[PDB]
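This document opens with one chain alone, in structure tokens, the form deposited without the partner chain.
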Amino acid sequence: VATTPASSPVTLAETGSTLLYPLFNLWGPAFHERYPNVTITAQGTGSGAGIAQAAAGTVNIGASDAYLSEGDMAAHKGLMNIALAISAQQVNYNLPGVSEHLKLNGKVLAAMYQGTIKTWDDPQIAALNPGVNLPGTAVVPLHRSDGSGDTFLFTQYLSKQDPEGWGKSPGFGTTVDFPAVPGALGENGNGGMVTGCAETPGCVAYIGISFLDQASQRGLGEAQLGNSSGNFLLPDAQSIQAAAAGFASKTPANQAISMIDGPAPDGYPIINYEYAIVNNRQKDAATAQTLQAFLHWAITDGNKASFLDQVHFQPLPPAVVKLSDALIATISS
């Protein structure tokens, strides 16, 4: 693995995951400060564009919260997903006056997105939140309009917890045919989800953890999500470090692994690796070497708390760092 960038000016273009975007805005300047000859550009366009453009050769780095499907790998040989850090997703809602962190699970959320739960005081919700005065506000299940990693993560949670329902249809993916129910409205990017949700009381939205602060500032509630052990957790360092322990020794060599709804009793149900989608063959030697240098930097120096703590991510455990490096090292020209 090349740990030093070429000396000639090189530009690494990135695009994709709005979830990973805030972090790339920190990494980019830091690396550039260290190696002035290297220019890093990034844009928040959603995981879909990330996968699409990296595959088309339009950018050097596609950012994605979703791993490549077996189909994607077969269609674009040389394309791989390298883990860079661990992140998570929370479920925000707009219910002014409700102080508590409402408890929800994949079964109840699937019902909301399927239109069977139409109000916030529905029996299925009250059963999970005894003592809370739930309003009769109508539920408005919002979803991402653009191909999104958050959609992939959310719909996998729903699919795992509701195998016979959501699991069968519409299943999961970066783009999903959401049930056409009242309020099934589309919003662009995580920002759009925050903004959309804050707009009208009763909204529900799956939003990436790096937008947690913004969501709170807008006065949105944050749900406690139930895991398979019957526990309801908030996404924080503790619950994510606990959920990751479930897959630290079980990550495949190609790193395509779902860490959704794991077995850790105290683990948060929606965590995931953030991926750099990159092609095994680059423009020239200088560019291949610089991309390697940057990616290895990102998973070592870039994984320090000074960086990750700002967007609420956790670092990759060592065995995984090793696997990423092994993939970084195949980047040639």
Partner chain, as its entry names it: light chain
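Numbering follows the first chain given and starts at 1.
We do not show the form deposited with the partner chain bound, though everything after this point is about it.
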> Quick one: of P163, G219, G78, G97, which gets a non-hydrogen atom within 4.5 angstroms of the partner chain in the entry with it bound?
Replying inline: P163
> What is the one choice in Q214, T200, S228, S145 with a heavy atom within 4.5 Å of the partner chain in the entry with it bound?
Replying inline: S228
> What stretch, of 84 to 92, 185 to 193, 245 to 253, 204 to 212, brings heavy atoms to within 4.5 Å of the partner chain in the entry with it bound?
Replying inline: 245 to 253
> Taking heavy atoms only, is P235 within 4.5 angstroms of the partner chain in the entry with it bound?
Replying inline: no
>> My question is simply whether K103 lines the interface with the partner chain in the entry with it bound - judged by any non-hydrogen atom within 4.5 Å.
In response: no
> Is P141 close enough to touch the partner chain in the entry with it bound, meaning at least one heavy atom pair within 4.5 Å?
Replying inline: no
> Along 252 to 279, which positions have a non-hydrogen atom within 4.5 Å of the partner chain in the entry with it bound?
Replying inline: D261, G262, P263
